[PDB]
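Participant: Before I ask anything, let me first share the structure, which is written out below as structure tokens.
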Amino acid sequence: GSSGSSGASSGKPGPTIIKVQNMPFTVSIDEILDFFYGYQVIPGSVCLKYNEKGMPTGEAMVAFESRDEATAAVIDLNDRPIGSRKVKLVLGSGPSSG
């Protein structure tokens, strides 16, 4: 398929990092914080990714102190209609559990 070039990527311990995709340009830091409402989201975690130019690529990353919380939030917020489009949440570590 799409031949993607890579260099070096290895997993690491720590909290549970979640990956958010399928997000419209309207999405903002405020909206994201409110989207994960109820769950304890680590400060400074919310990392928004932008293109080479600087514009929003509709992607964001978050971290969680507890794996149970991350999984629960993802499942409870999995396929949530954000703004005008649905967002996709995926767990970082796995599927292999250490």
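In the structure tokens, chains take letters A, B, ... by order of appearance, with residues numbered from 1 within each chain and ligands from 1 in the order shown.
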Among chain A, which residues does DSSP mark as helix (DSSP H, G or I) when it is run on the backbone? Keep the chain and numbering as in the structure and answer as an NGL selection string.

Facilitator: :A and (29-35 or 67-76)

Participant: Check the DSSP output for the backbone and give back, as an NGL selection string, the residues of chain A in strand (DSSP E or B).

Facilitator: :A and (16-21 or 47-50 or 56-64 or 81-82 or 85-86 or 88-91)

Participant: Hey, could you make a per-residue contact list for segment 30-93 of chain A against segment 3-15 of chain A with 7 Å as the cut-off, showing the nearest pair of atoms and its distance in Å to one decimal, counting only C-alpha atoms, sorted by chain and number, as a tab-separated table?

Facilitator:
residue	atom	partner	partner_atom	distance
A:63	CA	A:15	CA	6.3
A:64	CA	A:15	CA	5.5
A:65	CA	A:15	CA	5.0
A:66	CA	A:15	CA	6.8

Participant: Could you write out the selected residues, including N, CA, C and O atoms, as a PDB file, in the first residue's frame?

Facilitator:
ATOM      1  N   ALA A  63      -2.887  12.432  27.576  1.00  0.00           N
ATOM      2  CA  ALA A  63      -2.314  11.455  28.493  1.00  0.00           C
ATOM      3  C   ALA A  63      -3.227  11.228  29.694  1.00  0.00           C
ATOM      4  O   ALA A  63      -4.033  12.090  30.045  1.00  0.00           O
ATOM      5  N   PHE A  64      -3.097  10.063  30.319  1.00  0.00           N
ATOM      6  CA  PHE A  64      -3.912   9.723  31.480  1.00  0.00           C
ATOM      7  C   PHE A  64      -3.071   9.038  32.553  1.00  0.00           C
ATOM      8  O   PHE A  64      -2.229   8.194  32.250  1.00  0.00           O
ATOM      9  N   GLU A  65      -3.306   9.411  33.808  1.00  0.00           N
ATOM     10  CA  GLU A  65      -2.568   8.833  34.926  1.00  0.00           C
ATOM     11  C   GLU A  65      -3.014   7.398  35.188  1.00  0.00           C
ATOM     12  O   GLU A  65      -2.225   6.563  35.630  1.00  0.00           O
ATOM     13  N   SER A  66      -4.283   7.119  34.912  1.00  0.00           N
ATOM     14  CA  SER A  66      -4.836   5.786  35.122  1.00  0.00           C
ATOM     15  C   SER A  66      -5.301   5.177  33.802  1.00  0.00           C
ATOM     16  O   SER A  66      -6.032   5.808  33.038  1.00  0.00           O
TER      17      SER A  66
END

Participant: Can you pull out every residue within 10 Å of residue 26 of chain A, counting only C-alpha atoms, but drop anything in the same chain fewer than 6 positions away, and send it as a list in words?

Facilitator: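 Everything that qualifies: residues 56, 58, 82, 83, 84 and 85 of chain A.
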
Participant: Out of A:70, A:55, A:48, A:77, which residue has the shortest atom-to-atom distance to residue 34 of chain A when counting only C-alpha atoms?

Facilitator: A:77

Participant: So that I can check the surroundings of residue 32 of chain A, please list as a PyMOL selection string every protein, DNA and RNA residue that reaches within 10 Å of it, counting only C-alpha atoms and ignoring chain neighbours fewer than 2 positions away.

Facilitator: chain A and resi 20+27-30+34-37+46+48+60+62+82

Participant: Would you mind telling me which residue in A:72, A:21, A:57, A:33 lies nearest to residue 88 of chain A when using only C-alpha atoms?

Facilitator: A:21

Participant: Please identify all polymer residues within 9 Å of residue 59 of chain A, counting only C-alpha atoms, omitting same-chain residues fewer than 4 positions from it, and present them as an mmCIF file with C-alpha atoms, in the first residue's frame.

Facilitator:
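Result file is around-v2.cif:
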data_model
loop_
_atom_site.group_PDB
_atom_site.id
_atom_site.type_symbol
_atom_site.label_atom_id
_atom_site.label_comp_id
_atom_site.auth_asym_id
_atom_site.auth_seq_id
_atom_site.Cartn_x
_atom_site.Cartn_y
_atom_site.Cartn_z
ATOM 1 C CA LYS A 19 -4.602 9.492 20.021
ATOM 2 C CA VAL A 20 -7.416 11.662 18.660
ATOM 3 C CA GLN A 21 -8.208 11.770 14.943
ATOM 4 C CA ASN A 22 -10.986 12.855 12.583
ATOM 5 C CA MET A 23 -11.303 16.356 14.034
ATOM 6 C CA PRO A 24 -12.547 19.419 12.103
ATOM 7 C CA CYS A 47 -0.906 18.222 22.335
ATOM 8 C CA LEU A 48 -2.356 19.543 19.076
ATOM 9 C CA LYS A 49 -0.585 18.571 15.852
ATOM 10 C CA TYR A 50 -0.254 21.015 12.957
#

Participant: Write out as a PDB file with N, CA and C atoms, in the first residue's frame the residues lying within 9 Å of residue 73 of chain A, counting only C-alpha atoms and excluding same-chain residues fewer than 5 positions away.

Facilitator:
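So selection-v8.pdb came out as:
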ATOM      1  N   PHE A  36     -13.417  16.099  27.024  1.00  0.00           N
ATOM      2  CA  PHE A  36     -12.926  15.102  27.968  1.00  0.00           C
ATOM      3  C   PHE A  36     -13.409  15.408  29.382  1.00  0.00           C
ATOM      4  N   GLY A  38     -15.280  15.541  32.925  1.00  0.00           N
ATOM      5  CA  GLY A  38     -15.585  14.430  33.809  1.00  0.00           C
ATOM      6  C   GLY A  38     -14.358  13.607  34.149  1.00  0.00           C
ATOM      7  N   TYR A  39     -13.490  13.407  33.164  1.00  0.00           N
ATOM      8  CA  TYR A  39     -12.274  12.628  33.364  1.00  0.00           C
ATOM      9  C   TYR A  39     -11.093  13.538  33.691  1.00  0.00           C
ATOM     10  N   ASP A  68      -7.337   2.661  33.391  1.00  0.00           N
ATOM     11  CA  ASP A  68      -8.771   2.413  33.468  1.00  0.00           C
ATOM     12  C   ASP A  68      -9.560   3.645  33.035  1.00  0.00           C
ATOM     13  N   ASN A  78     -15.946   7.351  22.502  1.00  0.00           N
ATOM     14  CA  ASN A  78     -15.532   6.763  21.233  1.00  0.00           C
ATOM     15  C   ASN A  78     -16.559   7.045  20.141  1.00  0.00           C
TER      16      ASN A  78
END

Participant: What's the separation between atom CA of residue 45 of chain A and atom CA of residue 93 of chain A, in Å to one decimal place?

Facilitator: 16.0 Å

Participant: For each of A:18, A:87, A:94, A:75, take the minimum atom-to-atom distance to residue 42 of chain A, counting only C-alpha atoms, then give the residue where this is smallest.

Facilitator: A:18
